[PDB]
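The structure appears right after this line, and notes come after that.
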Amino acid sequence: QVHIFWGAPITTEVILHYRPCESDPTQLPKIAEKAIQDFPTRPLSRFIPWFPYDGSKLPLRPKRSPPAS
Amino acid sequence: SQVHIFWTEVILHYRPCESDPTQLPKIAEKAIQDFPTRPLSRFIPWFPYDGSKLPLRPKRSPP
Amino acid sequence: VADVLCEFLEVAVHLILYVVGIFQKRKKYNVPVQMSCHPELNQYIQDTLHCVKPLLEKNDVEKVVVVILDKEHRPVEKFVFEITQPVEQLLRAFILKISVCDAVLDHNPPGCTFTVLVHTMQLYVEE
Amino acid sequence: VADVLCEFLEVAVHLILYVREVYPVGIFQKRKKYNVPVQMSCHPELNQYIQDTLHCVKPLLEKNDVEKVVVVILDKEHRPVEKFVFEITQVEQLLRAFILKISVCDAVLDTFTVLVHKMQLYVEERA
Amino acid sequence: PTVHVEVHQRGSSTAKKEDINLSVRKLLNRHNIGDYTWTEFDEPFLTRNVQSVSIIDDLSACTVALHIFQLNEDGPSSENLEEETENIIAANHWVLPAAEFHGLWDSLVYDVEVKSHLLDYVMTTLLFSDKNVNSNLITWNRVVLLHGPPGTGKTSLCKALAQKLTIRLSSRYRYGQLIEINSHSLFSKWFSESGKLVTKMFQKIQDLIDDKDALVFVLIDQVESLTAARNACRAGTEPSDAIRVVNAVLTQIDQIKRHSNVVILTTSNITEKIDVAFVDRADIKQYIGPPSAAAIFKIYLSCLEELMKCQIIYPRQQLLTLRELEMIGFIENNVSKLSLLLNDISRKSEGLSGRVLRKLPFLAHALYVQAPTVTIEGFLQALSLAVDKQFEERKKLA
Ligand SMILES: Nc1ncnc2c1ncn2[C@@H]1O[C@H](COP(=O)(O)OP(=O)(O)OP(O)(O)=S)[C@@H](O)[C@H]1O
């Protein structure tokens, strides 16, 4: 069962929720059948540093200290 | 308080297999409303039974 | 009792689809009624009432509005069934009320294409 | 407990909306209202909007027909460009984690409709 | 033979298509009587679910085909750049059939039968498409040119075409798209950036074409601006606009030639100063000329019975068409005089552009008659003076 709340103002059956006070969407169901269908699913890409902490490449540093409080 | 449209916070129903009606939701609104009823007419047979008159009976019986 | 009331709503919705040759006499609830043999429609109306079933498990309900549509899906007729939901003659008495209603009144084109509604034993018709 | 997991989903939906910059109106600001370190919306219209969307899925979620809470972020064509899919298989540890999750999940990534087909949030995004 | 019938379904009407078809066929077979249009009906369903029925070129024949259409309410969508979203492309996007386009195909009046030629062109295109002819062996560039005098409704005919085709060919393509191309907002000229800009809007055209269940019409205004004559122009001072923006469109249009659900419609003003390698890549280059006497009379009629329809000219006198005047043989009579005087205005108002023709009632009811309700032959006199007012005004601006 699939529950397509068109809203947020700017086999398997479908329990869509209409809840109207406007009567002027003119498209819940196709957009409901749009929100229902799976589309080109990008694989979960993985994270990695590209600049690691090199022991042979070391940083800079300025002298002064911040005003403590 | 709730109305359902087996086609007020409305719980419509879709049944995706039937989905020929390109514009569904506006169809769904029409089914809900009331509209002027005609009176349930208290009915009366027009030709009533007068006890002063007697009807007709043929003699014969089925076998 | 809600379950058997839903089966009587089955009896209603579909026999009122009748109240042409694609329909047939068969024993329902110990009366012969002339409905349709359609198994798809049988299980589809069963599904309508059994989704109405949890609705009545809520017990908050007003009407079971079995809208007999026209072919336009824009009601020229209708059949609101305002049962104020909290022996065979009375289980047939409801059917005789609806038959006398369609008697003084009239039906719609053969395929009534009706869409059952609910608003969550007595009735009338908004013609 | 679902009476506060719905508000956890509230947290989720607005934080997605917030990090995605789906609107330039910067209404969002830190809100520990009733000691919840989460960043909801300051539109009571929309807080009660999530409240009653979850209210009308409350006869609908814990019935366990749920196979995935797909918070779609819609598009200009109202298209599911980013289906934030949450599997319904259920103590702040998850919450921040989910929060964490969402953030680290937006890590790779760059108008919402709450469709309802380890809270393994995964994003089906356009390639 | 065959006759075509089109029926306006209301947007707030939602009955199924086949019920509408059956009801209109029922009305036709009951009536079964020329090219007049029905407006009066006798069925509550058909009233609340129909607006009008019309016959497009008195016979009880039953060679009837029904086209049912829905003129889309909202107007144009806008097309802007992908990353330069400010103003780079700004193309107009009509989702046909569209509201602002109806009645347009009827109003236009010509005398060279452009409508039939330019409609049965697309009909034969579809015939050759469905029969699977060797596209390597018999081909068409899917480009139609219309050129002629300014203000003579050259571009009006293209929107009418698109509307009539998305109406006629319904149930063969769910809908049509019409992309109006602004040939003046694609000249960001510093070293061939416009010649690179044509590419993006044509990729968007490709996007709207691959939706193979939608008939798309690409309407290019001022096709002389995009394709400037490069050869005869002895101006080497044109660095890369006359050579790398015409060559940047002569390819993208030879690329959509392979597809079949696209038609290119172009409107030109100057016959010369256009690339000779684009007056070969157009199937029909039809000339739209200034209205002629009979055409002027018919347009003036259209205006006058329009005014009578809205009760402006309150005393309704039968305006006799030119065919009835020919039949009587120009005989002066107490009702036939008004048509004669109209016809004298027609010769006197000869040579004007259709746009000023469709203006002239406005002025003739503006200055010469202030009456909220006008009797005929004074309004006609107002026209006969306002036309000379237009001649003298044109002479005033030298
Ligand atoms: N020949 C005609 N017959 C009837 N109406 C005409 C005719 N020509 C023009 N019109 C009216 O003219 C109005 C607009 O015409 P346009 O098509 O814009 O002229 P046009 O040919 O576009 O000129 P350009 O090329 O864009 S300057 C429309 O409302 C038409 O009804």
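Methodologically, a virtual Cβ is constructed for each residue, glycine included, from the backbone with ideal geometry; neighbour enumeration extends over all protein chains shown. We did not get these values from a lab; they are worked out from the coordinates using the rules stated.
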Kindly check whether there is at least one residue in region B:24-34 that is in a loop (DSSP other than H, G, I, E, B) and facing chain A (nearest Cβ under 9 Å). yes
When region A:37-51 is checked residue by residue, the ones that are more than 7 Å from every other protein chain (Cβ to nearest Cβ) and aliphatic (A, V, I, L, M) are A:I48
Which numbered condition E:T266 fails, given (1) away from the ligand (no atom under 16 Å from the Cβ); (2) closer than 28 Å to E:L137 by Cβ: (1)
Anything in region D:36-55 that is within 10 Å of another protein chain (Cβ to nearest Cβ) and in contact with a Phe, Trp or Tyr (Cβ under 8 Å, 6 or more places away or on another chain)? List them, or say none. D:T53
What number of residues within region E:180-197 satisfy the criterion of being buried (at least 20 other Cβ atoms within 10 Å of the Cβ) and of a type in the set (A, V, I, L, M, F, W, C)? 3
Identify the residue in region E:92-110 that is away from the ligand (no atom under 15 Å from the Cβ) and more than 14 Å from chain D (Cβ to nearest Cβ) and, among all such residues, is surrounded by the fewest Cβ atoms within 10 Å (Cβ to Cβ). E:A99
Do the conditions hold for E:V53, that is, is it within 16 Å of the ligand (Cβ to nearest atom), of a type in the set (V, I, T) and touching a helix residue (DSSP H, G or I) at 6+ places or on another chain (Cβ under 9 Å)? no
What about E:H67, is it assigned to a strand (DSSP E or B), away from the ligand (no atom under 16 Å from the Cβ) and either within 18 Å of E:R168 (Cβ to Cβ) or among the basic types (K, R) (or both)? yes
Which one of D:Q29, D:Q93, D:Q48 is under 16 Å from the mean Cα position of the chain (by Cα) and not acidic (D, E)? D:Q48
Search region E:276-293 for residues that are closer than 30 Å to E:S107 by Cα and among the aromatic types (F, W, Y) and pair each with any residue that is within 13 Å of the ligand (Cβ to nearest atom) and in a loop (DSSP other than H, G, I, E, B) when their beta-carbon atoms are under 7 Å apart and the residues are at least 6 apart or on different chains. E:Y287/E:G148
For region E:221-240, give me the residue count where each residue is touching a helix residue (DSSP H, G or I) at 6+ places or on another chain (Cβ under 6 Å) and under 18 Å from E:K154 (Cα atoms). 0
Flagged in region E:201-229 as more than 16 Å from the ligand (Cβ to nearest atom), within 15 Å of E:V246 (Cα to Cα) and part of a helix (DSSP H, G or I), in numbering order, are E:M201, E:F202
Region E:291-398: helices (runs of 4 or more DSSP H) wholly inside it with 3 or more residues that are within 15 Å of the ligand (Cβ to nearest atom), more than 14 Å from chain C (Cβ to nearest Cβ) and buried (at least 18 other Cβ atoms within 10 Å of the Cβ) are E:293-309, E:354-364
Within region D:59-111, can you find the residues that are crowded, with 19+ Cβ neighbours inside 10 Å and at the interface with chain A (Cβ under 7 Å from one of its Cβ atoms)? D:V72, D:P80
Could you look through region E:140-187, keep only residues that are away from the ligand (no atom under 16 Å from the Cβ) and of a type in the set (D, E, K, R), and pick out the one that is farthest from the other protein chains (Cβ to nearest Cβ)? E:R142
Every residue in region E:16-60 that is closer than 20 Å to E:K164 by Cα, more than 14 Å from chain C (Cβ to nearest Cβ) and among the hydrophobic types (A, V, I, L, M, F, W, C), please. E:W38, E:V53, E:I55, E:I56
Test E:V249 against the criterion of being crowded, with 21+ Cβ neighbours inside 10 Å, under 29 Å from E:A160 (Cβ atoms) and in contact with a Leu (Cβ under 7 Å, 6 or more places away or on another chain), and give yes or no. yes
Taking the residues in region B:1-14 that are buried (at least 17 other Cβ atoms within 10 Å of the Cβ) and facing chain A (nearest Cβ under 7 Å) as candidates, determine which candidate is farthest from C:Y44 (Cα to Cα). B:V10
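For every residue, the table says whether it meets (1) of a type in the set (D, E, K, R); (2) in contact with an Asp or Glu (Cβ under 8 Å, 6 or more places away or on another chain); (3) under 19 Å from B:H13 (Cα atoms).
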position	(1), (2), (3)
C:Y29	no, yes, no
C:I45	no, yes, yes
C:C51	no, no, yes
C:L56	no, no, yes
C:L96	no, no, no
C:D102	yes, no, no
C:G111	no, no, no
Residues that are polar (S, T, N, Q), within 30 Å of D:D106 (Cα to Cα) and out of contact with any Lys or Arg (no Cβ under 9 Å at 6 or more places or on another chain), drawn from region A:38-69: A:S45
